[PDB]
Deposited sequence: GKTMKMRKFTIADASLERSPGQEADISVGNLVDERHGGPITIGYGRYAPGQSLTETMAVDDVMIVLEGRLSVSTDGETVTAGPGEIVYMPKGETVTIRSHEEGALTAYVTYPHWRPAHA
């Protein structure tokens, strides 16, 4: 309804130490905006609950599904569709991301 600005500070990531955070900052549905943070050398595998358009801001991720792996560095986007099982691996400098999720 109204213009809105978001920044990574809205994710208060210092409150959630650990190997990985993905925290929503807005619901625009719901179409949700968030930011993520991956510690160096972290791998996890998840079946996507929702369609996710992720952009790497800093560092680097590899994303794998089926028989196919891509790597995403700063400015690069990976679309991860609902129901696909993906492995996300952060590299030696970790990663920061932004993302948008949406429903069917």
What's missing from the model if you number the deposited sequence from 1? 1-3, 32-37, 114-119
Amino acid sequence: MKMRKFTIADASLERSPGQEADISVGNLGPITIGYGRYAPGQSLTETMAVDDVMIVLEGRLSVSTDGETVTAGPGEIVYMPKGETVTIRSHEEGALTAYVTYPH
From here on, numbers count along this sequence of modelled residues.
Which has the higher mean CA temperature factor in the PDB entry, 95-103 or 3-11? 95-103
Higher average CA B factor in the deposited record is what I'm after, so tell me if that's 35-43 or 65-73. 65-73
Chain-relative CA temperature factor third for residue 53: middle
Residue 90 by Cα B-factor - lowest, middle or highest third of the modelled chain: lowest
Pull the Cα B-factor of residue 24 out of the PDB entry and bin it into the chain's lowest, middle or highest third. lowest
